[PDB]
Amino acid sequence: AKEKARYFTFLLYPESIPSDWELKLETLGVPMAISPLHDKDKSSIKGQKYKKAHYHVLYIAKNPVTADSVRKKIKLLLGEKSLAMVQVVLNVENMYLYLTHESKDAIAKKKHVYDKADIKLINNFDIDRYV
């Protein structure tokens, strides 16, 4: 009895993805919203500069499918270590604001807040359609 759902978020690392990863993700025909790059997140480790550059993708599947469905589809796309920690997204509004660290979880924990503009929306991601 795995959970089937429409909204997912996962991480992409610049190392494990090919050059054209952006055009690579457009192919699937599914609305995505790709956070700006996270080169400046404070690590929960002493003396430690920042966490590694990563992305937060917000993935809007067209029908209820399972976490594993999405992991594998992007594992085919970009390399089997391309992504990590695919999760089911419960509140879309938050996990969109979370790409900027400008949700309330993030500013409450005072994390470094990125630029609205660098978010990349693939196949006409409509924030309003899902809220």
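The first residue of the sequence shown is number 1, and the count goes up from there.
Across the two stretches, 63 to 71 and 32 to 40, the PDB entry reports the greater mean Cα temperature factor for 32 to 40. Stretches 44 to 52 and 75 to 83 differ in mean C-alpha B factor, with the higher average recorded for 44 to 52.
Take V92, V57, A106, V88 and read off each C-alpha B-factor from the entry; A106 has the highest. Looking at the C-alpha B-factors along this chain, the one for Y114 belongs to the highest third. Placement of the Cα temperature factor of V131 within the chain: highest third of the modelled residues, per the deposited record.
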